[PDB]
Structures are given as structure tokens and as C-alpha cells.
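Below: the structure, in C-alpha cells.
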Amino acid sequence: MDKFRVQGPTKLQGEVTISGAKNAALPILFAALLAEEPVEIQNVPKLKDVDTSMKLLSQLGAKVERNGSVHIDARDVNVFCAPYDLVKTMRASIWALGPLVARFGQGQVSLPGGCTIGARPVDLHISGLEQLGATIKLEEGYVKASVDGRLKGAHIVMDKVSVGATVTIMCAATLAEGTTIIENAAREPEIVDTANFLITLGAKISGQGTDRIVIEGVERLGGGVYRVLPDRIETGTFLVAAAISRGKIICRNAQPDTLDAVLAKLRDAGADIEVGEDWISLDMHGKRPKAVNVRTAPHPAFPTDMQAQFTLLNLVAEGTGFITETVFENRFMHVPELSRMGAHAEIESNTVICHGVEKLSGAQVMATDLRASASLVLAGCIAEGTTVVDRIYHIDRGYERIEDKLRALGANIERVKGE
Amino acid sequence: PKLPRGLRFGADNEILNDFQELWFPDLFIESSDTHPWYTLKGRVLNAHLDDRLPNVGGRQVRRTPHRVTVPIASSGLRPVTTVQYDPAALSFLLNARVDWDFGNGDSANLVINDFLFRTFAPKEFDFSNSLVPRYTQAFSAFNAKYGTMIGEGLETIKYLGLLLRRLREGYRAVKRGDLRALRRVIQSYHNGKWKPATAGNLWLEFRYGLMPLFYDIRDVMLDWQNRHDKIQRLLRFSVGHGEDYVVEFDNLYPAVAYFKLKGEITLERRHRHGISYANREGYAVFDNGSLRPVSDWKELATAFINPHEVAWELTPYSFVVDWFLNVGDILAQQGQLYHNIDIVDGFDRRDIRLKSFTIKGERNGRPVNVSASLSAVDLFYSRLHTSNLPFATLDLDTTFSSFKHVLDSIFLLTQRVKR
């Protein structure tokens with residue numbers, strides 16, 4: 001198994017270019033199955049989950065190719081059976097069941113796996129297809145779906161706000177006849193950036209960032225050109241490593257509108273935050289960060305996608321801070337990893353109690369999650385000791401060349417071969 | 001090097017025990033799921049079916065090699081084997097059987113087979129204020145509770161040495177030839193003063209004259225085995241006390257993903273610490289050739305008792321003298337268990353069991369009868385080794401120091417018996 005070995009402590013001063021998105025680029029690749037015209041996708045980094053979806057669509061019958069820009073022309077798909085080694089690898093592969101019944105007529109999608117983040121809340125993915133006009137049937141795990149004609153339009157009354165429930169209904173109601181109104185939708189920034197891709201094609205969807213969205217049903221659409229916006233998590237992740245080391249970092253190519261409440265709480269703590277359109281500045285002036293008590297909730301007002309990113313910052317601060325997690329109540333793997341370094345914490349019910357210590361010591365940690373893998377690498381740049389991270393194949397799934405971006409900033413990191 | 005696990009060369013092809021492996025092992029990384037596939041029998045939505053639906057993945061369990069080779073000394077206990085079991089999560093098989101009979105459409109009777117989930121395991125808990133008073137009372141009441149059992153062993157070993165002194169004088173009467181210092185000892189065992197027989201054979205009155213003496217020495221050899229092995233069993237103070245902690249879990253929607261499953265698993269956290277006492281210069285070397293089992297002690301007691309033997313005429317000088325050579329070898333090995341008693345062991349066990357459980361089950365806000373049976377497959381177990389001790393005022397070194405002088409006085413008497 002490949003592992004890293006970051007020494008130090010050093011300093012992190014300089015700039016860094018933000019790459020493409022991850023959670024927003026997955027629904028875009030699945031929306032090309034309904035369009036009969038070649039689309040143009042730009043700003044796509046080389047990731048593990050990105051290269052996995054390329055081989056999945058190639059086995060279905062769609063010839064794909066890329067070199068400087070993504071140009072997927074899915075219109076000659078003939079194979080409907082999907083492999084098992086590709087669906088269980090990721091988690092968002094279940095969203096492809098929508099377009100595989102709207103234009104074609106059949107499809108076999110297995111149960112995905114991905115990283116251990118919960119009990120796989122797939123209850124809203126099945127209920128979102130019966131109200132539109134589908135057949136509930138399956139054989140050997142292959143979720144079959146066959147229905148003559150397009151999907152009907154009816155008002156959907158949801159119960160809870162999920163992550164993949166909004167993407168499943170939105171990607172399966174574009175070409176469907178009838179007006180479908182989604183009640184209590186997800187106002188996360190991944191839905192707003194995805195809705196911009198449908199407007200270029202020809203969809204009539206107005207009202208992004210609202211729990212009630214009126215989706216207009218059309219007949220057929222075409223192609224369009226739209227550049228994928230950079231990821232918002234990658235920009236906020238680099239700001240945590242600079243606040244714990246007392247320095248200054250200048251970001252490039254970011255979206256300040258996607259992180260409204262994220263930078264609002266850090267301003268009252270005593271940090272100069274400069275806004276803009278393409279660059280975001282942040283400086284601590286050598287001061288010590290504070291602790292905030294904000295409950296996790298869908299965007300805005302501190303989204304739930306900033307749990308493991310602000311976990312290390314609350315431990316190195318002062319006082320007593322607690323974060324009530326109501327979305328990922330089962331992803332508590334980043335807490336036992338930091339307790340061995342020399343920290344103390346307690347998880348009560350669904351809220352983690354973060355204390356306030358100074359520095360820690362580097363040791364042997366294990367990264368088995370996606371968001372919990374970045375908090376273990378940045379902690380070794382300021383601690384005193386050798387930091388060994390086990391299973392580093394999750395870092396490449398969302399970040400491309402992480403060891404090269406931190407090398408220019410001031411961090412001795414090298415890759416060690418394993419298997 | 002022609003060795004399994006836990007062996008190391010020493011002298012002339014003599015195996016030892018490596019200290020850098022049993023106390024500090026090297027854990028590995030395993031990525032293999034227990035039950036990656038399962039079935040869902042029964043009738044759902046008025047349609048009986050039986051397929052093969054898989055589950056989730058990502059199970060990282062780090063285990064340590066379990067070794068049970070040679071101990072640390074002769075007739076001792078097993079060494080502290082580091083047994084670490086840190087699974088990725090808490091997976092438990094649930095063979096549920098949920099069924100509901102309401103109206104005509106909502107009628108199903110499906111049988112869930114092999115259902116597991118992944119949550120969190122708070123392994124960050126200590127009890128450094130409950131196992132310390134338990135060691136003070138055990139050491140303060142040791143002189144009062146066991147104050148009479150230890151005193152019986154001191155008067156037993158000293159009484160056996162008095163019988164060996166009178167037996168040595170009988171062998172010297174054969175070489176010298178004094179008949180006055182031989183017939184008077186036989187009359188001391190009976191009530192009055194009489195002689196059973198009078199002949200010229202020196203070996204005739206030595207066998208029948210020492211018949212009541214052989215019955216008394218044999219009872220001491222059989223009693224010493226019970227008064228010595230029970231003391232070593234009392235050196236295993238592995239007591240502890242833990243508390244209770246419940247684990248909450250929701251968003252469970254298996255099979256058709258229309259019914260909600262939830263409950264409250266009540267775990268049983270345990271934390272105990274063991275302490276042992278052994279010789280500080282006894283676990284250095286270990287040879288299996290000189291290891292004499294307990295069966296050799298019972299054979300020497302019946303050597304002189306024989307209804308028909310020819311040893312009294314086939315060189316009797318090489319039979320009674322050799323008997324004392326085997327007795328000194330046993331006392332020389334048992335004497336090392338009381339010379340310089342230093343605290344060298346000490347293990348800490350921390351495992352989590354499973355008790356009662358109260359699970360429920362609903363379906364879109366409706367009371368549904370639940371009749372399941374939760375099992376237990378993946379648990380939690382930890383076993384490390386320490387090298388420190390808080391309180392160490394009263395020790396067993398001064399008490400066992402008096403037993404060393406008694407054993408050394410008997411070993412020197414057998415060496416002076418010449419032919």
C-alpha cells in the first residue's frame with residue numbers, strides 16, 4: 001500500500017490554482033445520455049472517480065475521447081448491463097438510472113458502495129420513480145426499469161432533504177412530459193451549478209437555490225457549451241492549513257458566492273478576509289483562531305460539506321466548540337485518528353465536543369474516508385513528528401497532484417511505492 | 001530462518017523469545033468483507049421473489065499475529081501476547097422478518113437474511129480511577145485472608161527436611177557397620193520397643209524397618225504439589241469495571257426501501273488490567289530438554305515402594321544414592337520462582353461485548369410489528385502490554401525471601417551424600 005511521509009514543521013506561503021469540481025461534474029456526465037448532440041465540457045481534472053466513469057461509458061457503446069477538453073458523444077449506446085466492479089467503486093453511480101429509462105427503455109444498475117459515510121440513504125431514489133411512471137422490479141440486484149413512453153408529470157411531496165434525491169429527480173424530469181414541482185429540495189451549491197448546464201441545452205428550469213422548484217417538461221433538446229466551475233471545498237481546505245501555521249495564502253479562480261456563510265464566521269474571529277470575483281485572500285496576523293457553534297444545515301448557513309475541514313481548526317483554537325452533525329451521523333473516523341496524536345474529544349449523540357489544545361505529535365494514522373483524508377495530511381505540516389497516512393488512494397479521488405501543489409508552498413512530501 | 005513466529009536463536013541451537021516482536025508487533029492492512037452478498041426471501045408487494053442483492057464495502061481491520069509457543073519459564077504462564085482487533089466499524093448480522101397487514105395493497109411478508117450496517121465505535125474511554133482502589137484492598141487484606149494458608153507451606157517444607165536427616169544416617173550405618181544406631185530408629189515409629197526380626201543381613205532390616213517412614217514422606221511430596229501450584233495461580237489479578245453506552249442508528253431502508261428501521265443497541269464496555277509476578281532473571285533462557293513435567297514428581301515417591309523388585313541385589317549402592325540426585329534437580333528449578341521477585345509483567349485488556357437490544361420499525365409513519373433477532377459477528381478487543389506501576393509500596397519480595405533459605409538448606413544436604 002502506498003503511503004506518504006510529510007516532515008516539518010515548515011511554512012505555507014504562496015499561491016495555488018484551484019482545479020475543477022467533483023460533486024458538480026458527476027451529474028453533468030450523466031445528463032449527456034439524453035441529448036443527441038455532442039456537448040463540450042471544460043475544466044475537468046484527472047481524478048480517480050473521473051477516470052472510472054470514462055471506462056464505464058466506454059463499455060456501454062459510446063466512444064469517448066479527451067486530451068485538452070472533454071467531448072463525450074453518447075448517442076450510440078447499445079449495452080445496457082453495467083459491470084459490478086465499477087458501480088461498487090463509487091457512490092454516485094446510482095444516479096444513472098434516470099436517463100436509462102427516459103430515452104432508451106431498459107437498464108440494469110447494481111447497488112453502489114463508495115466510501116463509508118452512512119447507511120446509504122437510497123430510500124428517496126426509489127420513491128422518486130414510482131410517482132413519475134416506472135415499474136418496481138429487480139433481479140439479482142439489477143434494478144430493472146421498463147415503461148412505454150415518457151415519464152408523467154406530478155407533484156412530488158418529499159419528507160427529508162438528502163444529497164442524491166434532488167439530482168435523481170432533476171435528471172429524470174427534463175424530457176419527461178408534464179410539470180413536476182420538487183417540494184423541499186436541496187439548496188446546496190452543487191444543484192445551482194448543475195442547473196446552469198441544463199439551461200444551455202434548452203431546459204426551462206428557473207428558481208435555483210430554493211426548496212420549491214418548478215421544472216417545465218419539454219420534448220427534446222440538443223447540445224451546449226458550458227465550463228465547469230471550480231470546486232468550493234478545495235478553496236476552503238487550503239485556508240485551514242494556513243490558519244494553523246500563521247501565514248498568508250492568495251487563492252486564484254474561486255467562487256465567493258458559493259461560500260457565503262463559510263467566510264462570515266471566520267471574520268469575527270480576527271482574520272482579514274478579502275472578497276472579490278476571482279481571488280480570495282486570508283491572513284491571521286499571527287493571532288490564535290477561535291471556536292464557533294453553528295449547527296450543520298443545508299446551504300446556506302454553514303453547509304454540511306465542511307465537517308472534516310474545520311475539525312482540526314477547532315482543536316487548535318481555544319475554548320469549547322461543538323458542531324451538531326445531522327447529515328453524516330455515521331462518519332466519525334477522523335476523531336479516533338486525531339486522539340492518538342495527543343488530543344481529547346467526545347462524541348455525544350450526534351454532536352462532537354471539540355476542546356482547545358496547542359500542537360500535536362505526528363504518528364501513524366489511517367485514512368479510510370474522502371473528506372477525512374485531507375485533515376490528516378495537513379496536520380503533519382505543523383506537528384512535530386513523522387506522519388504516516390495509510391491508504392492514500394482516497395486523496396487522488398478528489399484532488400489531483402496534491403503533493404505537487406504543497407511542494408511549492410513549503411512542504412516536504414514524497415510518494416512511497418507499495419503494492 | 002527455520003522458525004515460525006516468536007522464536008529466536010540463542011546458544012547451541014537454543015530457541016529464545018524476542019522482546020521486540022511480542023511487545024511491539026507490526027500490524028498490517030486487510031481489505032476483505034465478511035458477507036459481501038446476501039439474499040432477500042419472502043413475499044413483497046404481493047410478489048414472492050428470491051434474488052442475490054449485495055451490500056456495502058470498505059472494511060479495514062488491523063489484526064496482530066497470535067502466538068502461543070513456548071512460555072517464559074518452566075511450569076509458568078503464557079507470555080503477554082499483543083492481540084489487537086480494531087475493525088473499521090461495528091457490523092452485526094440482522095435476520096429480520098418485517099411484515100405488515102393493512103388493507104389490501106399494503107400486504108407483504110419478506111424475510112431479511114444477513115443484514116449489516118456501519119456506524120461509529122467510540123473507543124476513546126479510560127478508567128484510571130476505578131482499578132486503583134481495587135489493587136489497594138487486595139494487597140492490604142492479603143496478610144489477613146491468606147495469612148494462614150501461606151504459614152502451612154512453611155511448616156511443611158521444614159518438616160520434610162527433618163525426615164531426610166534421619167534417613168541419611170541409615171545409609172552410613174551400612175558402610176561403618178554399627179548395629180546400635182539402626183535398630184533403635186525402627187522402634188521410634190512403633191508404640192513400644194520391640195524388634196520384628198533379628199538376622200545378619202543389613203538390607204533386611206532396612207527395607208521393612210522403614211515401611212512407616214515411606215508412607216509419611218509420600219504424603220509430603222503429594223501435598224507440596226498442591227501447596228506450590230496454587231500460589232502461582234493467585235498471581236493473576238485481572239479485575240476491572242466498565243460502564244454502559246448506547247448507540248443510536250436510523251435511516252435504515254433495506255430491500256424495497258419503503259419501511260424505516262431503527263433501534264438502540266446497548267453495548268457493554270469493559271476495561272480490566274492484569275498484573276503478574278515472576279523472576280527478573282528467569283525468562284532470559286528457556287530449554288525444552290530440561291523441562292520435566294509433573295509426572296516425574298509422582299514417580300520418585302513410589303520408587304522405594306515395590307512388592308517385587310530385584311534392585312536390592314543388583315548393585316544397591318547405585319540405587320539409593322541416585323534417588324537423592326533427582327530430588328535436588330527439582331528443588332533447584334523451583335527455587336528460581338522466589339529469588340528477587342520483580343514486577344516484569346502487566347497487561348491491559350479492553351473489549352466490548354453485547355447485551356440486550358430494543359429495535360423498532362415503521363413505514364411512512366405507521367406502527368409495524370417487529371420480530372427480529374440481532375446477532376454479533378464483528379466486535380471489539382484490545383490487549384496491550386505496559387511496563388509501569390503507580391503504587392508499589394508493599395511487595396511480595398520480602399515475604400518470599402524466607403522461602404529461599406529453606407530450599408537452599410535442603411539442596412546442600414543432598415550434595416554431601418557420598419557413596
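Chains: A, B, ... in order of the C-alpha cells. Residues: from 1 per chain. Ligands: from 1, in order shown.
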Next item on the list: Would you list the contacts of residue 259 in chain B as a VMD selection string, taking every protein, DNA or RNA residue within 6 Å and counting only C-alpha atoms, but skipping same-chain residues closer than 6 positions in sequence?
Entry: chain B and resid 253 362 to 363
Checklist line | Spatial neighbours of residue 250 in chain A, max dist 9 Å, only C-alpha atoms, sep filter under 2 positions, as a PyMOL selection string | finding: chain A and resi 13-16+248+252+279-282
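What separates CA of residue 134 in chain A from CA of residue 60 in chain A is a distance of 22.3 Å.
Nearest to chain A of all the residues B:118, B:97, B:62, B:383 is B:118, based on only C-alpha atoms.
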Please report as JSON lines every residue of chain B lying within 7 Å of chain A, along with the nearest atom pair and their distance in Å (one decimal), using only C-alpha atoms.
```
{"residue": "B:51", "atom": "CA", "partner": "A:140", "partner_atom": "CA", "distance": 4.7}
{"residue": "B:52", "atom": "CA", "partner": "A:140", "partner_atom": "CA", "distance": 4.7}
{"residue": "B:53", "atom": "CA", "partner": "A:141", "partner_atom": "CA", "distance": 4.6}
{"residue": "B:54", "atom": "CA", "partner": "A:141", "partner_atom": "CA", "distance": 7.0}
{"residue": "B:56", "atom": "CA", "partner": "A:113", "partner_atom": "CA", "distance": 5.0}
{"residue": "B:57", "atom": "CA", "partner": "A:113", "partner_atom": "CA", "distance": 6.0}
{"residue": "B:58", "atom": "CA", "partner": "A:116", "partner_atom": "CA", "distance": 6.5}
{"residue": "B:117", "atom": "CA", "partner": "A:119", "partner_atom": "CA", "distance": 6.3}
{"residue": "B:118", "atom": "CA", "partner": "A:119", "partner_atom": "CA", "distance": 6.6}
{"residue": "B:119", "atom": "CA", "partner": "A:330", "partner_atom": "CA", "distance": 4.8}
{"residue": "B:120", "atom": "CA", "partner": "A:330", "partner_atom": "CA", "distance": 5.7}
{"residue": "B:251", "atom": "CA", "partner": "A:121", "partner_atom": "CA", "distance": 6.3}
{"residue": "B:252", "atom": "CA", "partner": "A:119", "partner_atom": "CA", "distance": 6.5}
{"residue": "B:253", "atom": "CA", "partner": "A:123", "partner_atom": "CA", "distance": 6.0}
{"residue": "B:257", "atom": "CA", "partner": "A:123", "partner_atom": "CA", "distance": 4.9}
{"residue": "B:258", "atom": "CA", "partner": "A:123", "partner_atom": "CA", "distance": 6.5}
```
Mind dumping the selected residues with C-alpha atoms as a compact mmCIF listing (two decimals), in the first residue's frame?
```txt
# COMPACT_ATOMS: atom_id res chain seq x y z
CA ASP B 51 -32.52 -12.89 -5.62
CA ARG B 52 -28.92 -12.11 -4.57
CA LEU B 53 -28.52 -8.46 -3.57
CA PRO B 54 -25.07 -7.31 -2.37
CA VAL B 56 -21.72 -2.12 1.06
CA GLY B 57 -17.94 -2.32 1.27
CA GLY B 58 -14.85 -0.83 2.89
CA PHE B 117 -24.60 -1.78 8.84
CA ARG B 118 -21.64 0.51 9.52
CA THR B 119 -21.77 3.13 12.28
CA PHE B 120 -19.26 4.53 14.79
CA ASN B 251 -32.02 5.82 8.08
CA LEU B 252 -32.27 2.04 7.50
CA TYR B 253 -34.29 1.26 4.36
CA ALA B 257 -36.54 0.86 0.88
CA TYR B 258 -40.06 1.85 1.93
```
Next item on the list: List every residue of range 52-300 of chain B that DSSP, applied to the backbone of this structure, places in helix (DSSP H, G or I), and write the result as an NGL selection string.
Entry: :B and (133-140 or 142-145 or 149-176 or 180-186 or 204-207 or 211-233 or 295-300)
Item checked: Who sits within 8 Å of range 130-146 of chain B, only C-alpha atoms, same chain under 6 positions skipped, as a count of residues only -> 6
Need the shell around residue 286 in chain B: protein/DNA/RNA residues with any atom at most 8 Å away, counting only C-alpha atoms. Skip same-chain ones fewer than 6 positions apart. Format as a PDB file with N, CA, C and O atoms, in the first residue's frame?
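That gives us part.pdb:
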```pdb
ATOM      1  N   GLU B  14      19.566 -23.073  20.490  1.00  0.00           N
ATOM      2  CA  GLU B  14      18.550 -22.948  21.526  1.00  0.00           C
ATOM      3  C   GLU B  14      17.604 -21.808  21.176  1.00  0.00           C
ATOM      4  O   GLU B  14      18.049 -20.704  20.846  1.00  0.00           O
ATOM      5  N   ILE B  15      16.305 -22.080  21.246  1.00  0.00           N
ATOM      6  CA  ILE B  15      15.295 -21.078  20.924  1.00  0.00           C
ATOM      7  C   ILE B  15      15.072 -20.179  22.132  1.00  0.00           C
ATOM      8  O   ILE B  15      15.171 -20.619  23.284  1.00  0.00           O
ATOM      9  N   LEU B  16      14.772 -18.913  21.871  1.00  0.00           N
ATOM     10  CA  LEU B  16      14.527 -17.938  22.927  1.00  0.00           C
ATOM     11  C   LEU B  16      13.197 -17.244  22.638  1.00  0.00           C
ATOM     12  O   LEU B  16      12.306 -17.785  21.972  1.00  0.00           O
ATOM     13  N   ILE B  72       7.596 -18.556  29.302  1.00  0.00           N
ATOM     14  CA  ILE B  72       8.696 -17.692  29.718  1.00  0.00           C
ATOM     15  C   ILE B  72       9.594 -18.442  30.693  1.00  0.00           C
ATOM     16  O   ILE B  72      10.773 -18.106  30.852  1.00  0.00           O
ATOM     17  N   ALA B  73       9.047 -19.461  31.349  1.00  0.00           N
ATOM     18  CA  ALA B  73       9.797 -20.246  32.320  1.00  0.00           C
ATOM     19  C   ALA B  73       9.178 -21.635  32.398  1.00  0.00           C
ATOM     20  O   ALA B  73       8.194 -21.938  31.718  1.00  0.00           O
ATOM     21  N   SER B  74       9.765 -22.480  33.241  1.00  0.00           N
ATOM     22  CA  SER B  74       9.277 -23.841  33.418  1.00  0.00           C
ATOM     23  C   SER B  74       8.103 -23.853  34.389  1.00  0.00           C
ATOM     24  O   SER B  74       8.184 -23.282  35.481  1.00  0.00           O
TER      25      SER B  74
END
```
Next item on the list: Tell me, as number ranges by chain, which residues lie within 9 Å of residue 378 in chain A, counting only C-alpha atoms; anything in the same chain fewer than 6 positions away does not count.
Entry: A: 6, 238, 240-241
Checklist line | Spatial neighbours of residue 291 in chain A, 8 Å, only C-alpha atoms, chain gap at least 5 places, as number ranges by chain | finding: A: 314, 317-321
